[PDB]
Amino acid sequence: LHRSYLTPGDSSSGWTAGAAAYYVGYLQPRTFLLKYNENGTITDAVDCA
Amino acid sequence: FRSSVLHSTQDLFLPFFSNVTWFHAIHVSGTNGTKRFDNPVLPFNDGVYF
Amino acid sequence: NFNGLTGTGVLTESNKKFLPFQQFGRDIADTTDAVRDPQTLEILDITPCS
């Protein structure tokens, strides 16, 4: 979070554009048809639900 | 390893086109002056796409 | 019997550039084909024992 220094005048309202945003989703028991490539990498998936 | 095959697996994956909780967290200099951010505790049901 | 992949077969040289993290190597009909050398990084595809 960096208390460090706040430099009043430029960040008076906290922030305007945005520093970062972390996403937290939740995994669910799902059936995934995985398509493997000739190199062994997954290119696309399909969820039945 | 699997070379150009189709495989079906039953595990815990993130469903497509769902609702993910973007949580913006950073120093927030308040109008009064007290600095805060977005900070609670997020539960870990059985997995997290962080 | 490599790292526990017990089986009989002819171990030949393979063009199976495995993604850098796998080891078992199976098929669609779930047959345990290519296996990576536990010691070195060589991949020998197995075949039926004639």
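What counts, and at which threshold
- Residues numbered from 1 in each chain as written, not as in the entry; some residues may be left out.
- Chains lettered and ligands numbered in written order.
- Part of a larger assembly, values for the part shown.
- Heavy atoms only, no water.
- Helix = DSSP H or I, 4+ residues; strand = E, 2+ residues; numbered from the N terminus.
- Areas by Shrake-Rupley, 256 points an atom, 1.4 Å probe, with all protein chains shown as cover.
- Pairing = 2+ DSSP bridges.
- Axes fitted to C-alpha atoms, helices over the stretch in contact; angles between N-to-C directions.
- Contact = heavy atoms within 4.5 Å.
- Polar contact = N/O pair within 3.5 Å; in protein donor to acceptor, adjacent residues only side chain to side chain.
- Nonpolar A, V, L, I, M, F, W, Y, C, P; charged D, E, K, R; others polar.
- Buried < 20%, exposed > 50% of the residue type's maximum accessible area, 1.4 Å probe, protein only.
- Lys, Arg positive; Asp, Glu negative; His and termini not counted.
- Salt bridge = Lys/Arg side-chain N within 4 Å of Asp/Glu carboxyl O.

Listed as the method for this PDB entry is cryo-EM; the listed resolution is 3.21 Å.

1. Describing the overall build of chain A
Per the secondary structure count, chain A includes zero helices and three strands. Counting helices and strands in the order they occur from the N terminus, chain A gives β-β-β. Reported as C-alpha extents along the three principal axes, the dimensions of chain A are approximately 55 × 25 × 20 Å. Total accessible area computed for chain A in this model is approximately 3400 Å², and 54% of it derives from carbon and sulfur atoms.

2. Considering the sheet that holds strand 2 (residues 28–36) of chain A
Within the open sheet, the three strands sit side by side as 3(A)-2(A)-1(B). Their pairing is antiparallel. Taken across any chain shown, the strands that pair with only one partner, and hence form the sheet edges, are strand 3 (42–44) of chain A together with strand 1 (6–13) of chain B. The mean angle between the axes of side-by-side strands here comes to 50 degrees, regardless of whether they run parallel or antiparallel. Across eight bridges, strand 2 of chain A lies against strand 1 of chain B in antiparallel orientation.

3. So, the interface of chain C and chain B
At the junction of the two partners, chain C supplies eight residues and chain B supplies four residues. Linking chain C with chain B are one residue pair in polar contact, by the criterion used here. Across the side of chain C that touches chain B, the residue classes break down as three nonpolar, two polar and three charged.

4. Here's the deal with the side chain of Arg36(C)
All names here are of chain C. Inspection of the secondary structure puts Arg 36 in strand 2 (residues 35–36). For the buried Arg 36, no salt bridge exists, and the shortest N-O distance to an oppositely charged side chain is 8.5 Å, to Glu 42. A distance of 3.0 Å separates a polar side-chain atom of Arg 36 from the backbone oxygen of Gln 22. Each residue touching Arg 36, except ones within four places of it in the same chain, is listed here: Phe 18, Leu 19, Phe 21, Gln 22, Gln 23, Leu 41, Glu 42 and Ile 43.

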